[PDB]
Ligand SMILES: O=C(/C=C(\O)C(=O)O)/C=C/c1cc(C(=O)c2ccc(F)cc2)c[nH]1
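In the block that follows, a single chain appears as structure tokens, in the form deposited without the named molecule.
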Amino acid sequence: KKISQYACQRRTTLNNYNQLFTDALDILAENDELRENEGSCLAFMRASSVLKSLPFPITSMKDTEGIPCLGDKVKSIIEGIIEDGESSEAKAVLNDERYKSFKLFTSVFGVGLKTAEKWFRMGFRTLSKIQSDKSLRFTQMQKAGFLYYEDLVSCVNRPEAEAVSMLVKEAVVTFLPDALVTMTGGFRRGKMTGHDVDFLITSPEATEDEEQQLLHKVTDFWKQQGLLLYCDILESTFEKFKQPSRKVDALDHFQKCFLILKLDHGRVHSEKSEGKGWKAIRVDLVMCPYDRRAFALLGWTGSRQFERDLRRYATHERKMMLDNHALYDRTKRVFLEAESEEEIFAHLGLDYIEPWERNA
């Protein structure tokens, strides 16, 4: 049939037949993001997203006809890939100093764009010069980022993700035996590796008081045992009767905590049977009211592009407003309920897309 411009109306599995085009596009998009060039960035991400969706590899400019999200700027890039087999534009970004530095400083936990720019403009070009400079000052988060840099740069496996899962369940079960813990993000979509492990937590019979304290308890608990290397808890900013905004910002979120846990090797059951029997792992935990679990899961399952298109689809095609906490129908003036992701898709009039099919 016809290919939708919306990723939420496309099935995108991990079988990418267009990695050559896709990698160059991701690099160009990333470059624009690091430069805060919104428009260009999103254009590159949309184009890369549609190609990942293809069931065949592009081998001529003709195979492009009919596909949306491919402007003249992008087709020029597709063109070069068809020929050389590589992109001179992507190549240029990979050798760009600002790009190299930002990506490097940014690979440090706690280092955002403002901090990266600062260091770049001071002349810094390597992590070593940064760490040894006896004049710079770092946030608590950045210190932790440097302290465990090595483990954090190392991808996280499914085996490690599952061991982390077990830890979370053992803790959470201790304060809410009826708590539901779901692994979200990349791993839920079937990925083999990730830079961190995310989880959604909810309790059927928890009180507004209980669900609000669980994370503090679980984290305290890990502190007592020395498993907590870094912890930051942000209180929920979601309001029960407030409808999702025009995406004004993402300051709307449930209670969550950015953590770094000490993962003992002995708890990891992989086909790899030492030195320092543990590994630091980035872990994000999210707690939400039982009745909003479907929306949170949908939101945290990603991918980012899938989440972006789900939202604009809802707004531009169905006059609905979507959030990690709700779905509002502006036409019928009512909030729509959902006990599962499928119901949410039904409400939007969208055929259900499985998690492993959301790698847009």
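Start at 1 and count along the sequence shown; that's the residue number. Basically, rigid core = biggest C-alpha set you can superpose within 1.5 Å across the two forms.
Quick note: we don't show the form deposited with the named molecule bound, though the next part is all about it.
S.K.: So which of 53, 303, 315, 64 gets a non-hydrogen atom within 4.5 Å of the named molecule in the deposited complex?
M.R.: By the 4.5 Å heavy-atom cutoff, the listed residue in contact is 303.
S.K.: Can you pick the one in 80, 145, 289, 185 that has a heavy atom within 4.5 Å of the named molecule in the deposited complex?
M.R.: By the 4.5 Å heavy-atom cutoff, the listed residue in contact is 185.
S.K.: Please identify, from 171-179, 204-212, 245-253, 98-106, the stretch that has a heavy atom within 4.5 Å of the named molecule in the deposited complex.
M.R.: Going by heavy atoms within 4.5 Å, the stretch is 245-253.
S.K.: Hey, in the deposited complex, does residue 198 get a heavy atom within 4.5 angstroms of the named molecule?
M.R.: So residue 198 counts as contacting the named molecule.
S.K.: Even though the named molecule is not shown here, does residue 8 get within 4.5 Å of it in the deposited complex, heavy atoms only?
M.R.: Judged by the heavy-atom cut-off of 4.5 Å, residue 8 is well away from the named molecule in the deposited complex.
S.K.: Which residues, if any, of 323-349 lie within 4.5 Å of the named molecule in the deposited complex when only heavy atoms count?
M.R.: Heavy-atom contacts within 4.5 Å come from 324 alone.
S.K.: Align on the core first; then indicate which of 209, 249, 97, 83 has a CA shift of 2 angstroms or more between the shown form and the other one.
M.R.: Looking at each option in turn, only one qualifies, and it is 249.
S.K.: If the C-alpha spacing of residue 40 and residue 248 moves by 3 Å or more in the deposited complex, is that a move closer or farther apart?
M.R.: Those two alpha carbons end up closer in the deposited complex.
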